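Next up: just one chain, as structure tokens, the form deposited in one PDB entry.
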């Protein structure tokens, strides 16, 4: 399987070295509806006039990015997203900027956030959770092979496509790094202990986060939760986890090796690398090639009533996009 990661790295390296730029403009798109709002702006359903295709457009306010000192991370986000290519990663179709904003135009993933199905249904059965888990396992194998750390795994960042497969989105904290890095970033419930302990960390954080995700999918609640972040960090650091009685012994054993506080012993971080995870008993029944090919039939298929259909997303309050007559932060975002 390592030979296709080879071909993969080569395309990535070309794109990483010479990133595309300015591949569309705002007036090629009609804005329809907000799919989500975030720290620096929002994501909207848009429709491309010439083709009639629907896309999701992430809009970032340059000024807000600068205030929250997130310039570098924003540049990472776009540079990495335009270089990667994988069945479970969202595809960036276009990017451009104007006087006020940065725009990333992706494929529209119509099934909604994993988060919303999760909360509604309550929890996923182990066979259902495993199906999603396998996709993430292959995705992290691809990303880590390119020296990338993802750092923001959570149900709110995973979208379900029309086939019931996962699309990973939000590369805001993705970073290409050989060696360790130090930034405190991510989402509190999913933070690995070494991040909270300001230790200097690596790709092993993503495997911890997979641990948290599988627990949340199968239990319906996260292994560590409280009302305030600080209380959550205490729990994560202690590393004491309890499992629901319904968890299979195999699932409990996988989780104990992913939610390992000592990096020395955490799965995905040992000599056998990701093969320790792929070969664990919980995955005994998993056909990795089948999944990779999307030949496996999803356990769950969102309702979809024609394209442009947004019924699988919450409604948000809409805001018109304002563009200044003066260029803001032009130097800072030159490369975007």
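Positions refer to the first chain, counted from 1. The term rigid core refers to the most C-alpha atoms you can superpose between the two forms while keeping them within 1.5 Å.
Keep in mind the form deposited in another entry is missing from the figure; the text below concerns it.
In a rigid-core overlay of the protein, residue 285 has its C-alpha displaced by under 2 Å between this form and the one not shown. In this overlay on the rigid core, residue 95 has a C-alpha that sits 2 Å or more away from its partner position between this form and the one not shown. After superposition on the rigid core, displacement of the C-alpha of residue 36 between this form and the one not shown amounts to 2 Å or more.
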